[PDB]
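A lone chain, given as structure tokens: the form deposited in one PDB entry.
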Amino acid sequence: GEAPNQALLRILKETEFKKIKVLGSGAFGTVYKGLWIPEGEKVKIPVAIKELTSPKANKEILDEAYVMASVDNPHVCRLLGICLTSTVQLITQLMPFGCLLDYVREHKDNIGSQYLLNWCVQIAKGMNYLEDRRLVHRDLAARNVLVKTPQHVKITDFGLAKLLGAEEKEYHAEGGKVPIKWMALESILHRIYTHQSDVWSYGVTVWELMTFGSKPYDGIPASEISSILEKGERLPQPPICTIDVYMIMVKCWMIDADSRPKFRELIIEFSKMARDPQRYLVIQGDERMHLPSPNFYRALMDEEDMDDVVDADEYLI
């Protein structure tokens, strides 16, 4: 009894979008940035295009398309559709400033406490929406949070995301390359994933931001993480973090998954701290830091006549 998923899957003609440049290859495939021009509509939509014909690949890319077509939230990446070429392509909204992990590493000396705490609120809002949709992300990390503007981030990468039945409270997975250093202890031992195991990944994600992009358990091989966590060891307190912020991170790493805070409560706590940011994050020169917010599309694309550019958040069905 989980309610019909009447979401619409849009099919895009390959003639409607142009791969302007390549953003990053890898085991998945290649992610391109480009422009989508729906025929008849005088709009040019900046998009990201992923191509992974190993029948399997086509199968995994469609699972990700199914999940993304089912979510609609200001802090979750918006799916624009798929293209049915020889290999199936994923067409999503282009996030011009990249992933949050690279962003905090690049702009370390210009990120104040206001931006860090606001990012924590927005990530919790997106994860709380995913919990409302009964969706477990299973791969929450700083690399999987994209930056539309320095004031607006969205959760991305639903290759491992799962939807739970109204009786399924947990998700028992099987084998699969899984990011060990972001998983909860129950996910490493028993391969169980819940919304509370996503909370653990949320705590590690916050730790990445507060350390300006440090690697969790740097130098420790992944096979030792399960034994490190069982002894009671956790990630250290970042230098900018007051005990108030670090206490929240520690609570996300409790052994009892039901003792970890809920996403709706992480929204409230970080929202309070965002109203007095320098009380909870001590950063040298916090009051003088400034991040951009841009033209810049002509550069981020190449074409001019970017007078009809429309962000995907302003182009609705």
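Heads up: residue numbers just count along the shown sequence, starting at 1.
Modelled in this chain, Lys42 is nonetheless unresolved in at least one third of the other entries of the protein that span it on both sides.
Across the other compared structures of the same protein with both neighbouring residues present, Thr53 lacks coordinates in at least a third. Where coordinates are absent for parts of the deposited sequence, a chain break appears; between neighbours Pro294 and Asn295 it spans 1 to 3 residues.
According to the PDB entry, the deposited sequence contains 1 to 3 residues between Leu52 and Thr53 that lack coordinates. Annotation for 11-19 versus 303-311: the higher mean temperature factor (C-alpha) is found in 303-311. As listed in the deposited structure, the average C-alpha B-factor of 187-195 and of 203-211 is greater for 187-195.
Based on the entry's C-alpha B-factors, the most elevated value among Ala222, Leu117, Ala124, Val136 belongs to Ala222. Among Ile240, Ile91, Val147, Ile228, the highest C-alpha B-factor recorded in the PDB entry belongs to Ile228.
Annotation for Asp244: CA B-factor lies in the lowest third of the chain's modelled residues. The entry lists a Cα temperature factor for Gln284 that places it in the highest third of the chain's modelled residues. For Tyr171, the recorded CA B-factor ranks within the highest third of the chain. Only modelled residues enter the ranking. For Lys56, the recorded CA temperature factor ranks within the highest third of the chain's modelled residues. Split the chain's modelled residues into thirds by C-alpha temperature factor. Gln151 is in the middle one.
Although it is not shown, the form solved in complex with a partner chain is what the next lines describe.
The partner chain is not shown here, and in the deposited bound form it never comes within 4.5 Å of any heavy atom of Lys169. The shortest heavy atom separation between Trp182 and the partner chain in the deposited bound form is within 4.5 Å. Within 4.5 Å of any heavy atom of the partner chain in the deposited bound form lies no heavy atom of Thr194. The partner chain is not drawn, but in the deposited bound form it has no heavy atom within 4.5 Å of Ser201.
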